[PDB]
Undergrad: 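Have a look at the structure that comes next, please.
In the text below, chain A, chain B and the rest are named by the order of the sequence lines, each starting its count at 1. Just so you know, ligand 1 is whichever comes first in the structure, and atom 1 is the first atom listed for that ligand.
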Number of protein chains: 4
Amino acid sequence: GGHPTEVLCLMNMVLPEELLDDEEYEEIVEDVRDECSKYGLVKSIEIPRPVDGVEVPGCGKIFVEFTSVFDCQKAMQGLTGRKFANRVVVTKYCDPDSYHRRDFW
Amino acid sequence: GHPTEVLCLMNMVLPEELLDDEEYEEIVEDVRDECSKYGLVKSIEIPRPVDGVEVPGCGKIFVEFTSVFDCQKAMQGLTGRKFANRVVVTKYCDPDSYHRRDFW
Amino acid sequence: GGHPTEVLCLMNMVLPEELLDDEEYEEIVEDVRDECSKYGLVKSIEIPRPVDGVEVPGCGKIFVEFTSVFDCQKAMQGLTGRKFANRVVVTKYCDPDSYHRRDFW
Amino acid sequence: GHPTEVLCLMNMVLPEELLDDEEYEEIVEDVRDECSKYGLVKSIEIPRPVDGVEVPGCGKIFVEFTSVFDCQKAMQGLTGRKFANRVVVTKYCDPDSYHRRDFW
Ligand SMILES: [Cl-]
Ligand SMILES: [Cl-]
Ligand SMILES: [Cl-]
Ligand SMILES: [Cl-]
Ligand code: NA
Ligand code: NA
């Protein structure tokens, strides 16, 4: 949500429909990791994609776990309002416990 | 309630999502397809909104399976946090009531 | 979100616009408390309303803190899909720490 | 950057929210009113989307105050989690650039 954490949530960048293709999916994950790594070490990344037809929790969102709240906030500073795939990047934080239990919503 | 062959799904659709014919048809298909993972779907009812006319059960999805066993599997599989942006809540429905459209 | 907690979130029931009037606001709070109290002790309730023109976090949502996750889940069982003010009640949970810091989103 | 009389607000509006004329006008008013809590608003720019034509700064809100002091108050007041469903991120903008519409 709005309370700062070490997990960045990047919104508005992808639709469920575009994560179906494995090659395109892997490219998006790498692009995200590379871009975020500019702001600090990325511990982990989650980009939920459809599984067996199901729009799973967090589909359409990208979650990036940093090793500090500062690095997450620097990535928010740097990435918010940029454009990717002709869409404006929207940012918020993710509760770490919610991230680890994949309650992405 | 004891298990039956009819399952009611709540928090799965809002009325406003069922106004457009194409969107409604797409939802029926998607729900049928999801339920068919658990067993043969015999029928489905998703009551559609009509402004200013009472539509019992609008906001709910009722699915009829060919067996109580399959319906039990579907209650386990569909209830909870497996879908985006919702917590699915379920209940078994009396099949005779379902066929009469006595939806609560 | 989807992980069960002691805080129930009731959605789709009110718009920010209808919480402006103090009398109507107080009636909604009481109606909620009375209805939820059927399922267990209500420790606290939050119904964010506009403050000095600002659609504050959680406006349009109603948050009810119970003393157990069971009581919250019983209220979810009983209230989900009911109608209030001609609107279908939609339910989810709220992270307790998010509730206490008013990160209602 | 050092403080200036122009503030850029991010995560406050999406392009799709600015397509309708009435909705756009309502957003401009609401943003003006919110900013006016901190000082006199001299001007505001909310670049509007045009499909297939590049619109620099679309997705951002730029507000010009009559003083750097008021703008500093507005950065403190508007940045963070005070508004529903968003985390407002801000930055100071070069006033000359703002007047030229050199929006980044
Ligand atoms: Cl966009
Ligand atoms: Cl209608
Ligand atoms: Cl409704
Ligand atoms: Cl256009
Ligand atoms: Na109706
Ligand atoms: Na454009």
Undergrad: For C:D22, what residues pass the side chain to side chain contact (heavy atoms under 4.5 Å, CB included) criterion, not counting sequence neighbours?
TA: C:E26, C:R49
Undergrad: Less than 4.0 Å between a side-chain N and a carboxylate O, is that true for B:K73 and B:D70?
TA: yes
Undergrad: Would you call the rings of C:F104 and C:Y99 parallel, tilted or perpendicular, where under 30° means parallel and over 60° means perpendicular?
TA: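 Taking C:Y99 first and then C:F104, their aromatic rings stand perpendicular (interplane angle over 60°).
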Undergrad: Can you tell if the side chain of D:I46 reaches within under 4.5 Å of the side chain of D:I44, non-hydrogen atoms only?
TA: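 Yes, side chains in contact.
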Undergrad: Show all protein N/O/S atoms under 3.0 Å from the Na ion (ligand 5), or state that there are none.
TA: B:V50 O, B:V53 O
Undergrad: List the residues meeting side chain to side chain contact (heavy atoms under 4.5 Å, CB included) with C:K38, not counting sequence neighbours, and say none if there are none.
TA: C:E35
Undergrad: Can you sort out the partners of A:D95 under side chain to side chain contact (heavy atoms under 4.5 Å, CB included), two or more places apart, ordered by chain and number?
TA: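 A:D95 satisfies side chain to side chain contact (heavy atoms under 4.5 Å, CB included) with A:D97, A:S98 only.
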